[PDB]
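The file final17.cif contains mmCIF, C-alpha atoms and all ligand atoms:
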```cif
data_input
#
loop_
_atom_site.group_PDB
_atom_site.id
_atom_site.type_symbol
_atom_site.label_atom_id
_atom_site.label_comp_id
_atom_site.auth_asym_id
_atom_site.auth_seq_id
_atom_site.Cartn_x
_atom_site.Cartn_y
_atom_site.Cartn_z
ATOM 1 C CA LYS R 23 40.589 143.477 -58.579
ATOM 2 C CA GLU R 24 42.197 140.428 -56.953
ATOM 3 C CA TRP R 25 41.727 138.129 -59.979
ATOM 4 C CA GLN R 26 42.509 138.928 -63.602
ATOM 5 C CA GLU R 27 42.424 136.929 -66.832
ATOM 6 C CA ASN R 28 45.295 136.928 -69.329
ATOM 7 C CA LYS R 29 44.618 134.937 -72.525
ATOM 8 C CA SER R 30 48.117 135.501 -73.986
ATOM 9 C CA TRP R 31 49.418 132.446 -72.081
ATOM 10 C CA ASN R 32 47.158 130.260 -74.254
ATOM 11 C CA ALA R 33 49.839 130.618 -76.932
ATOM 12 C CA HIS R 34 52.074 128.307 -74.885
ATOM 13 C CA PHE R 35 49.469 125.547 -74.659
ATOM 14 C CA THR R 36 48.732 125.946 -78.388
ATOM 15 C CA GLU R 37 52.398 125.775 -79.437
ATOM 16 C CA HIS R 38 52.460 122.356 -77.720
ATOM 17 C CA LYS R 39 49.087 121.093 -79.048
ATOM 18 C CA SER R 40 47.623 121.163 -75.550
ATOM 19 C CA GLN R 41 44.774 122.438 -73.398
ATOM 20 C CA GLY R 42 44.923 123.488 -69.757
ATOM 21 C CA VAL R 43 44.977 126.245 -67.131
ATOM 22 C CA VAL R 44 47.805 128.022 -65.282
ATOM 23 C CA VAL R 45 47.010 129.976 -62.086
ATOM 24 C CA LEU R 46 49.517 132.420 -60.501
ATOM 25 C CA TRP R 47 49.275 134.312 -57.210
ATOM 26 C CA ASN R 48 51.615 137.211 -56.352
ATOM 27 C CA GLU R 49 51.926 137.145 -52.582
ATOM 28 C CA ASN R 50 53.188 140.721 -52.149
ATOM 29 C CA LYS R 51 50.495 142.330 -54.340
ATOM 30 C CA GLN R 52 47.801 139.851 -53.131
ATOM 31 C CA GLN R 53 46.704 139.542 -56.785
ATOM 32 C CA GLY R 54 45.952 136.496 -58.973
ATOM 33 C CA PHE R 55 46.260 135.777 -62.727
ATOM 34 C CA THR R 56 45.176 132.962 -65.061
ATOM 35 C CA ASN R 57 44.514 132.171 -68.724
ATOM 36 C CA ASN R 58 41.039 130.666 -68.060
ATOM 37 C CA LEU R 59 39.018 131.808 -65.050
ATOM 38 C CA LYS R 60 36.388 129.078 -65.453
ATOM 39 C CA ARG R 61 38.744 126.068 -65.678
ATOM 40 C CA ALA R 62 40.695 127.520 -62.691
ATOM 41 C CA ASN R 63 37.656 127.029 -60.438
ATOM 42 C CA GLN R 64 36.651 123.598 -61.808
ATOM 43 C CA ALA R 65 37.383 120.750 -59.424
ATOM 44 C CA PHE R 66 39.347 117.646 -60.480
ATOM 45 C CA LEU R 67 40.744 114.585 -58.754
ATOM 46 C CA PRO R 68 43.934 115.689 -56.909
ATOM 47 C CA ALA R 69 45.776 112.469 -57.845
ATOM 48 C CA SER R 70 49.326 112.511 -56.428
ATOM 49 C CA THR R 71 49.188 116.197 -55.465
ATOM 50 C CA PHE R 72 47.197 114.737 -52.588
ATOM 51 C CA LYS R 73 50.580 113.564 -51.225
ATOM 52 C CA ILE R 74 50.978 117.056 -49.639
ATOM 53 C CA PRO R 75 47.989 116.771 -47.229
ATOM 54 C CA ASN R 76 48.504 113.004 -46.888
ATOM 55 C CA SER R 77 52.072 113.712 -45.716
ATOM 56 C CA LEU R 78 50.987 116.432 -43.250
ATOM 57 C CA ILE R 79 48.397 114.103 -41.682
ATOM 58 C CA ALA R 80 50.685 111.059 -41.449
ATOM 59 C CA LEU R 81 53.329 113.194 -39.678
ATOM 60 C CA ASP R 82 51.068 114.942 -37.147
ATOM 61 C CA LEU R 83 49.450 111.639 -36.132
ATOM 62 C CA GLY R 84 52.831 109.947 -35.738
ATOM 63 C CA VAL R 85 52.155 107.357 -38.457
ATOM 64 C CA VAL R 86 55.406 108.718 -39.916
ATOM 65 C CA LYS R 87 58.075 109.561 -37.343
ATOM 66 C CA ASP R 88 60.145 111.940 -39.523
ATOM 67 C CA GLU R 89 61.588 112.365 -43.029
ATOM 68 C CA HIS R 90 64.237 109.657 -42.503
ATOM 69 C CA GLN R 91 62.074 106.707 -41.438
ATOM 70 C CA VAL R 92 62.410 103.897 -43.996
ATOM 71 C CA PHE R 93 59.375 102.232 -45.597
ATOM 72 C CA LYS R 94 60.362 98.817 -46.873
ATOM 73 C CA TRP R 95 59.528 97.641 -50.373
ATOM 74 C CA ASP R 96 56.898 94.898 -50.076
ATOM 75 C CA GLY R 97 58.573 92.768 -52.791
ATOM 76 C CA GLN R 98 55.775 93.111 -55.363
ATOM 77 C CA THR R 99 57.280 94.225 -58.670
ATOM 78 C CA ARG R 100 55.249 97.075 -60.175
ATOM 79 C CA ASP R 101 55.314 98.845 -63.513
ATOM 80 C CA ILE R 102 57.228 101.916 -62.319
ATOM 81 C CA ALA R 103 60.788 100.819 -61.626
ATOM 82 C CA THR R 104 61.576 103.556 -59.083
ATOM 83 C CA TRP R 105 58.674 102.247 -56.939
ATOM 84 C CA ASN R 106 60.391 98.844 -56.495
ATOM 85 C CA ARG R 107 62.767 99.841 -53.675
ATOM 86 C CA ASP R 108 62.815 101.207 -50.128
ATOM 87 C CA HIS R 109 61.791 104.818 -49.606
ATOM 88 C CA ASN R 110 61.681 107.542 -47.015
ATOM 89 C CA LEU R 111 59.286 110.510 -47.111
ATOM 90 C CA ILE R 112 61.641 112.595 -49.297
ATOM 91 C CA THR R 113 62.016 109.947 -52.002
ATOM 92 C CA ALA R 114 58.431 108.664 -51.789
ATOM 93 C CA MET R 115 57.165 112.159 -52.583
ATOM 94 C CA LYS R 116 59.786 112.727 -55.324
ATOM 95 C CA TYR R 117 58.906 109.541 -57.230
ATOM 96 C CA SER R 118 55.158 109.656 -56.470
ATOM 97 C CA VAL R 119 55.321 106.238 -54.796
ATOM 98 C CA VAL R 120 51.587 105.471 -54.462
ATOM 99 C CA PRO R 121 51.777 102.183 -52.471
ATOM 100 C CA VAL R 122 53.738 103.909 -49.654
ATOM 101 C CA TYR R 123 51.015 106.543 -49.318
ATOM 102 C CA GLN R 124 48.187 103.961 -49.493
ATOM 103 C CA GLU R 125 49.786 102.375 -46.419
ATOM 104 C CA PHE R 126 49.705 105.799 -44.660
ATOM 105 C CA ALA R 127 46.054 106.204 -45.598
ATOM 106 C CA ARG R 128 45.164 102.772 -44.176
ATOM 107 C CA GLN R 129 46.987 103.585 -40.913
ATOM 108 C CA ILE R 130 45.251 106.970 -40.659
ATOM 109 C CA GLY R 131 41.794 105.504 -41.253
ATOM 110 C CA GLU R 132 38.561 106.994 -42.566
ATOM 111 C CA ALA R 133 37.462 108.983 -39.514
ATOM 112 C CA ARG R 134 40.794 110.667 -38.800
ATOM 113 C CA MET R 135 41.332 111.407 -42.516
ATOM 114 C CA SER R 136 37.921 113.047 -42.985
ATOM 115 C CA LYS R 137 38.273 115.076 -39.777
ATOM 116 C CA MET R 138 41.678 116.420 -40.903
ATOM 117 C CA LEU R 139 40.472 117.384 -44.384
ATOM 118 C CA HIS R 140 37.628 119.418 -42.822
ATOM 119 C CA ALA R 141 40.184 121.235 -40.652
ATOM 120 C CA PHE R 142 42.297 122.007 -43.778
ATOM 121 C CA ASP R 143 39.243 123.152 -45.777
ATOM 122 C CA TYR R 144 40.812 120.973 -48.488
ATOM 123 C CA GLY R 145 38.748 120.911 -51.674
ATOM 124 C CA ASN R 146 35.228 119.579 -51.266
ATOM 125 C CA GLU R 147 36.420 117.724 -48.111
ATOM 126 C CA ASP R 148 34.839 114.513 -49.488
ATOM 127 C CA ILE R 149 36.548 111.171 -48.820
ATOM 128 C CA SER R 150 33.812 108.882 -50.202
ATOM 129 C CA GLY R 151 35.285 105.865 -51.964
ATOM 130 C CA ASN R 152 38.106 103.581 -50.834
ATOM 131 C CA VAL R 153 40.189 104.554 -47.789
ATOM 132 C CA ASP R 154 43.454 104.039 -49.702
ATOM 133 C CA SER R 155 42.604 105.392 -53.190
ATOM 134 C CA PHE R 156 39.853 108.019 -52.847
ATOM 135 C CA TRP R 157 42.253 110.718 -54.119
ATOM 136 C CA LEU R 158 42.701 108.699 -57.331
ATOM 137 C CA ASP R 159 39.191 107.361 -57.997
ATOM 138 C CA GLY R 160 36.825 108.434 -55.187
ATOM 139 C CA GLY R 161 34.789 111.545 -54.400
ATOM 140 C CA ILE R 162 37.451 114.144 -53.472
ATOM 141 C CA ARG R 163 37.758 117.091 -55.881
ATOM 142 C CA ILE R 164 39.813 120.297 -55.845
ATOM 143 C CA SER R 165 40.391 123.249 -58.186
ATOM 144 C CA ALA R 166 43.655 124.951 -59.144
ATOM 145 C CA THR R 167 42.322 127.994 -57.261
ATOM 146 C CA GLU R 168 41.589 125.828 -54.219
ATOM 147 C CA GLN R 169 45.125 124.375 -54.398
ATOM 148 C CA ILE R 170 46.670 127.866 -54.075
ATOM 149 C CA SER R 171 44.514 128.668 -51.047
ATOM 150 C CA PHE R 172 45.689 125.441 -49.383
ATOM 151 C CA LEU R 173 49.325 126.046 -50.377
ATOM 152 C CA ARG R 174 49.321 129.575 -48.927
ATOM 153 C CA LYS R 175 48.236 128.317 -45.512
ATOM 154 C CA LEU R 176 51.097 125.799 -45.707
ATOM 155 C CA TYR R 177 53.681 128.441 -46.622
ATOM 156 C CA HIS R 178 52.649 130.493 -43.515
ATOM 157 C CA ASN R 179 52.339 127.499 -41.116
ATOM 158 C CA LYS R 180 48.610 128.209 -40.667
ATOM 159 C CA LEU R 181 47.200 124.701 -41.166
ATOM 160 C CA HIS R 182 45.626 122.809 -38.253
ATOM 161 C CA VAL R 183 48.750 120.657 -37.690
ATOM 162 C CA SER R 184 52.019 121.329 -35.860
ATOM 163 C CA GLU R 185 54.527 123.741 -37.401
ATOM 164 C CA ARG R 186 57.028 120.854 -37.405
ATOM 165 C CA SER R 187 54.724 118.830 -39.690
ATOM 166 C CA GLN R 188 54.407 121.731 -42.164
ATOM 167 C CA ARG R 189 58.154 122.442 -42.191
ATOM 168 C CA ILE R 190 58.960 118.802 -42.972
ATOM 169 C CA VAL R 191 56.449 118.680 -45.865
ATOM 170 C CA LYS R 192 57.804 121.953 -47.342
ATOM 171 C CA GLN R 193 61.286 120.421 -47.209
ATOM 172 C CA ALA R 194 60.125 117.252 -48.970
ATOM 173 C CA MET R 195 58.442 119.381 -51.666
ATOM 174 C CA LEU R 196 61.801 120.834 -52.705
ATOM 175 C CA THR R 197 62.151 120.322 -56.476
ATOM 176 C CA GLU R 198 64.763 122.730 -57.833
ATOM 177 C CA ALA R 199 66.958 125.586 -56.662
ATOM 178 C CA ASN R 200 69.822 127.773 -57.850
ATOM 179 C CA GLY R 201 71.065 131.333 -57.364
ATOM 180 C CA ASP R 202 67.924 132.669 -59.119
ATOM 181 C CA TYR R 203 64.945 130.876 -57.516
ATOM 182 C CA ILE R 204 63.655 128.016 -55.369
ATOM 183 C CA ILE R 205 60.755 125.795 -56.476
ATOM 184 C CA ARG R 206 58.758 123.710 -53.999
ATOM 185 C CA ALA R 207 56.090 121.710 -55.833
ATOM 186 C CA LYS R 208 54.278 118.389 -56.350
ATOM 187 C CA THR R 209 53.390 116.668 -59.647
ATOM 188 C CA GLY R 210 50.206 114.678 -60.193
ATOM 189 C CA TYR R 211 48.753 112.410 -62.894
ATOM 190 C CA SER R 212 45.037 111.501 -62.791
ATOM 191 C CA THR R 213 44.179 108.560 -65.102
ATOM 192 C CA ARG R 214 41.538 106.454 -63.342
ATOM 193 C CA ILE R 215 38.531 108.698 -64.062
ATOM 194 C CA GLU R 216 38.014 110.892 -67.102
ATOM 195 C CA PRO R 217 39.276 113.433 -67.991
ATOM 196 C CA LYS R 218 42.925 112.310 -67.758
ATOM 197 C CA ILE R 219 44.899 115.318 -66.458
ATOM 198 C CA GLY R 220 48.409 116.221 -65.390
ATOM 199 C CA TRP R 221 48.945 118.538 -62.411
ATOM 200 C CA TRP R 222 51.747 120.732 -61.055
ATOM 201 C CA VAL R 223 51.172 122.801 -57.903
ATOM 202 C CA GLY R 224 53.610 124.695 -55.683
ATOM 203 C CA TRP R 225 55.366 128.041 -55.511
ATOM 204 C CA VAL R 226 58.476 129.907 -56.647
ATOM 205 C CA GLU R 227 60.604 131.587 -53.954
ATOM 206 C CA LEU R 228 62.423 134.762 -54.994
ATOM 207 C CA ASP R 229 64.615 137.052 -52.903
ATOM 208 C CA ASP R 230 61.705 139.415 -52.054
ATOM 209 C CA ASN R 231 58.464 137.692 -53.216
ATOM 210 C CA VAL R 232 56.866 134.284 -53.647
ATOM 211 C CA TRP R 233 54.678 133.299 -56.614
ATOM 212 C CA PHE R 234 52.235 130.498 -55.880
ATOM 213 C CA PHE R 235 51.129 128.356 -58.824
ATOM 214 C CA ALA R 236 48.715 125.578 -59.754
ATOM 215 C CA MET R 237 48.306 124.138 -63.233
ATOM 216 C CA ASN R 238 46.479 121.229 -64.821
ATOM 217 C CA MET R 239 46.258 120.129 -68.435
ATOM 218 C CA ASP R 240 44.643 117.345 -70.418
ATOM 219 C CA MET R 241 46.994 114.372 -70.663
ATOM 220 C CA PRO R 242 45.841 111.430 -72.824
ATOM 221 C CA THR R 243 49.217 109.660 -72.723
ATOM 222 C CA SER R 244 52.112 109.504 -70.284
ATOM 223 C CA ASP R 245 54.591 110.681 -72.947
ATOM 224 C CA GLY R 246 53.623 114.329 -72.560
ATOM 225 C CA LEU R 247 54.194 114.541 -68.797
ATOM 226 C CA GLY R 248 57.213 116.878 -69.104
ATOM 227 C CA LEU R 249 54.936 119.548 -70.577
ATOM 228 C CA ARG R 250 53.543 120.188 -67.068
ATOM 229 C CA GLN R 251 56.807 121.882 -66.087
ATOM 230 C CA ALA R 252 57.746 123.140 -69.573
ATOM 231 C CA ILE R 253 54.515 125.098 -70.067
ATOM 232 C CA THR R 254 54.658 126.411 -66.513
ATOM 233 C CA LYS R 255 58.222 127.612 -66.958
ATOM 234 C CA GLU R 256 57.321 129.289 -70.265
ATOM 235 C CA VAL R 257 54.575 131.248 -68.508
ATOM 236 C CA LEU R 258 57.065 132.088 -65.746
ATOM 237 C CA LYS R 259 59.648 133.455 -68.201
ATOM 238 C CA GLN R 260 56.960 135.491 -70.010
ATOM 239 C CA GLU R 261 56.109 137.194 -66.709
ATOM 240 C CA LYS R 262 59.838 137.740 -65.950
ATOM 241 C CA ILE R 263 59.523 135.699 -62.751
ATOM 242 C CA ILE R 264 62.449 133.446 -63.706
ATOM 243 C CA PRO R 265 65.113 134.273 -66.309
HETATM 244 O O1 LIG R 301 52.929 112.285 -60.387
HETATM 245 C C1 LIG R 301 53.389 111.976 -61.550
HETATM 246 O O2 LIG R 301 53.929 112.731 -62.377
HETATM 247 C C2 LIG R 301 53.241 110.580 -62.044
HETATM 248 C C3 LIG R 301 54.140 110.151 -63.026
HETATM 249 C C4 LIG R 301 53.966 108.821 -63.495
HETATM 250 O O3 LIG R 301 54.821 108.310 -64.461
HETATM 251 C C5 LIG R 301 52.948 107.983 -63.011
HETATM 252 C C6 LIG R 301 52.066 108.447 -62.007
HETATM 253 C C7 LIG R 301 50.945 107.643 -61.512
HETATM 254 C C8 LIG R 301 50.441 107.812 -60.221
HETATM 255 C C9 LIG R 301 49.326 107.078 -59.806
HETATM 256 C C10 LIG R 301 48.665 106.184 -60.644
HETATM 257 C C11 LIG R 301 47.482 105.420 -60.118
HETATM 258 O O4 LIG R 301 46.345 105.780 -60.498
HETATM 259 O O5 LIG R 301 47.740 104.477 -59.342
HETATM 260 C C12 LIG R 301 49.140 106.050 -61.930
HETATM 261 O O6 LIG R 301 48.524 105.175 -62.802
HETATM 262 C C13 LIG R 301 49.133 103.896 -62.927
HETATM 263 C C14 LIG R 301 50.239 103.885 -63.971
HETATM 264 C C15 LIG R 301 50.243 104.733 -65.087
HETATM 265 C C16 LIG R 301 51.277 104.703 -66.035
HETATM 266 C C17 LIG R 301 52.342 103.825 -65.901
HETATM 267 C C18 LIG R 301 52.357 102.964 -64.788
HETATM 268 C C19 LIG R 301 51.328 102.998 -63.838
HETATM 269 C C20 LIG R 301 50.250 106.778 -62.338
HETATM 270 C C21 LIG R 301 52.236 109.755 -61.581
#
```

Starting from the file, give its structure as structure tokens.
Amino acid sequence: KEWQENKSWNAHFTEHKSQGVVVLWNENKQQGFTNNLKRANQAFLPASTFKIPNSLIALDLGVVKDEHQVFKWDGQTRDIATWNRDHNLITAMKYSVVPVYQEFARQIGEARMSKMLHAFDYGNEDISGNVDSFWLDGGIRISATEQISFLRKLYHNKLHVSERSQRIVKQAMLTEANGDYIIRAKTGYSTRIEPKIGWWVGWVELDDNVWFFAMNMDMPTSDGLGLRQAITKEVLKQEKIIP
């Protein structure tokens, strides 16, 4: 009994006029939980959650030297203000700076990128489409369930890249921490191909356990993007994982 459905969490989506799936994995008990077993195994475009493997690959191949190397703004003014500045790996991941990671993808190239995704067993391991946007509008797909499996390898330094690469990416994933918990996670927003979805994948570190998580929800407009974290935290409080 390693997977179990719990439809009570649907109340949180409903209260917010929303549809989606939340997947939790208790590492100690080696047990999973979700409010919709079928949606949890349906594969979607990773969108900017792909910045986790993209980062690992850029670092192992030396495209990126470390988390301090500066990537200069190219001077094109884009719609997202925080993109129009210089970034390092920490801030590029935090603000989902797509044009920085498209540069990484072009430097990596099609053959290296495909070979690395096979090694990771990442999603359907399909890179068909454009070299620098296939995670936003090409052939790659991945499920919430498949995200957790990838994230667990990363937590334990099991992926087919150096341990240094995986430690740097887990540092850059840092999102929030206090005396009660640590969250390492990555947001995503898939709008180029229907259905438009928001993502949030990562884990919650406690003193004596870690809860992995992966959620996606339908997202017609950008105004509801905060619900990704809100609905996840509401599920987390219900399960007494955070206070
Ligand atoms: O990761 C997040 O949460 C996040 C948050 C955001 O505000 C925006 C995005 C994001 C990432 C990639 C694309 C793309 O497909 O290039 C994208 O669409 C273009 C676009 C949409 C809306 C306003 C300006 C521009 C949006 C992601």

Inset, instruction - Enumerate residues in contact with ligand LIG 301 (chain R): an atom-to-atom distance of at most 6 Å, counting all atoms listed in the file. Format the result as a ChimeraX atom specification. - result: /R:70,101-102,118,158,209-211,213-214

Legend entry - 8 Å contact set for residue 167 (chain R), only C-alpha atoms, chain neighbours under 2 positions out, as a PyMOL selection string: chain R and resi 45+62-63+165+169-171+236

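Taking only C-alpha atoms into account, residue 224 (chain R) lies nearest to R:197 out of the set R:184, R:150, R:197, R:36.
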
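Note on the selection: in this file the PyMOL selection byres (((chain R and resi 39) around 12) and not hetatm) comes out as residues 32, 33, 34, 35, 36, 37, 38, 40, 41, 42, 239, 240, 241, 242, 246, 249 and 253 of chain R.
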
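From CA of residue 66 (chain R) back to CA of residue 164 (chain R), the distance works out to 5.4 Å.
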
Inset, instruction - Given the file shown, determine the residues that the PyMOL selection byres (((chain R and resi 261) around 12) and not hetatm) selects; report them as a ChimeraX atom specification. - result: /R:28,30-31,46,48,55-56,233,254-260,262-265

Inset, instruction - For each of R:23, R:94, R:186, R:250, take the minimum atom-to-atom distance to residue 82 (chain R), counting all atoms listed in the file, then give the residue where this is smallest. - result: R:186

Legend entry - Exercise: residue 178 (chain R) partners within 10 Å, all atoms listed in the file, chain neighbours under 5 positions left out, as number ranges by chain: R: 173, 185, 188-189

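Using all atoms listed in the file, the nearest neighbour of residue 195 (chain R) within the list R:123, R:142, R:117, R:221 is R:117.
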